[PDB]
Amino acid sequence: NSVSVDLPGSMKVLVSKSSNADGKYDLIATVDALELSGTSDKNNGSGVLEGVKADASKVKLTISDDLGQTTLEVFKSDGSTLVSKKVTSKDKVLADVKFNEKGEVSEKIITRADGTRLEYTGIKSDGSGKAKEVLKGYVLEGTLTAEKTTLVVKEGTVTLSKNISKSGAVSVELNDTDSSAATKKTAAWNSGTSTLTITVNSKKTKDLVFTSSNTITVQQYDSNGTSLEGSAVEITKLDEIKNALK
């Protein structure tokens, strides 16, 4: 009878082939080992299913009308306070959220469609916390405030800071405490190309590109300090970022 429907978040739902006397459709799903069930106004697998864990926590699976988004929620046993919320949106991005005993967000892990992650932990009531960005081959560590995420790499007297605004905008800055004008690094950020250009002793040395694919590339300038040379090389480990800051 029933029809299997594929869902975001690596889940499936079975929907009845025909409606009941109220015109409603039956929904069944199994998530891990838990049986969920519900009824829906629609015939395509969308709607709400509910179940209860062995420890009496309430579970709810909400499937959006167009099947683009799924939300999997766990509540305390009276159903009033959230414990966890997993949302897969239609771009296949995953937001994995944990809550404290008061239902306030305490941890949020975002997995981008390409597998890279933003990990926010120890989140406090002012929206501050610890931050990590998990990239292909390396991780960046730092902090979260309500204004921005700041991830830091240090090499010698140079500190590289990657900022992700609350609006999602990336900006990068470099600060060097070297007092010698011969070796001190400075840098300019080009928001139009997401590129940090490093200068030493009044000549450009390197472009660091922070790409839309969540990678970093480095390309050197010629000794003339005005033309790029060669071709950009993709960073594959944290040691290679540090090398670019030497």
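Numbering starts at 1 and runs along the sequence shown.
Averaged over CA atoms, B-factors in the entry run higher in 172 to 180 than in the other of 172 to 180 and 138 to 146. Of the two segments examined, 181 to 189 and 50 to 58, it is 181 to 189 that shows the higher average Cα temperature factor in the deposited entry. Ranking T30, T205, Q69, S40 by the C-alpha B-factor listed in the PDB entry places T30 at the top. Split the chain's modelled residues into thirds by C-alpha temperature factor. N201 is in the highest one. Ranked by C-alpha B-factor against the other modelled residues of its chain, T159 falls in the lowest third. In the PDB entry, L238 places in the highest third of its chain by CA B-factor. In the deposited entry, the Cα temperature factor of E73 sits in the bottom third of values across the chain's modelled residues. Split the chain's modelled residues into thirds by C-alpha temperature factor. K124 is in the middle one.
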